[PDB]
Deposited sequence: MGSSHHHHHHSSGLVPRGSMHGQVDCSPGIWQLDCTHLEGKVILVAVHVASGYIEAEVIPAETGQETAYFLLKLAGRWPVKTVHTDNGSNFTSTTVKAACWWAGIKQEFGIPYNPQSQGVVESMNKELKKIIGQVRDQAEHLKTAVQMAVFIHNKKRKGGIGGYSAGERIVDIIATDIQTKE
């Protein structure tokens, strides 16, 4: 289904990377945050919900969505309840940037634009077709 996203945290250079994957397309969005936190999770989900039609969200760590503040965000937005590929691309471009967050955003761009249509294309098409 086009409304299903996966959301997980990974660690790199002592920082946290929140990664969201649109399961049907392989499209990703990601952000660097100081540490795993219900507030960070909540605010990311607000941002995500505001650009795409997010219906459900899965994770690999159920306890991530336990906090009151994450549930409140899912309520308001009407939400219900790739590390290796991305980590790879970050290594290739890490040299070209100072900050990890910049390398993340470069990799996310590399990821979504690559062809096999690109992930970035498939999300748009899948979502348009389902309108």
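Stretches of the deposited sequence left without coordinates are 1 to 26, 108 to 123, 159 to 163, 179 to 182, in sequence order.
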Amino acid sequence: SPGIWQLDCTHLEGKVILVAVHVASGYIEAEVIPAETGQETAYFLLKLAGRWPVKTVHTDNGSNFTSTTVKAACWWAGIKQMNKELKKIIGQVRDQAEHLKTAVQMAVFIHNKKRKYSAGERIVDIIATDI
From here on, numbers count along this sequence of modelled residues.
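Stretches 60 to 68 and 102 to 110 differ in mean CA B factor, with 60 to 68 having the higher one. Averaged over Cα atoms, the B-factor as recorded in the entry is higher for 29 to 37 than for the other of 29 to 37 and 44 to 52.
Ranked by Cα temperature factor within the chain, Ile90 sits in the lowest third according to the deposited record.
Residue-level temperature factors show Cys74 in the lowest third of its chain, judged at the C-alpha atom.
When all modelled residues of the chain are sorted by CA temperature factor, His11 is found within the middle third.
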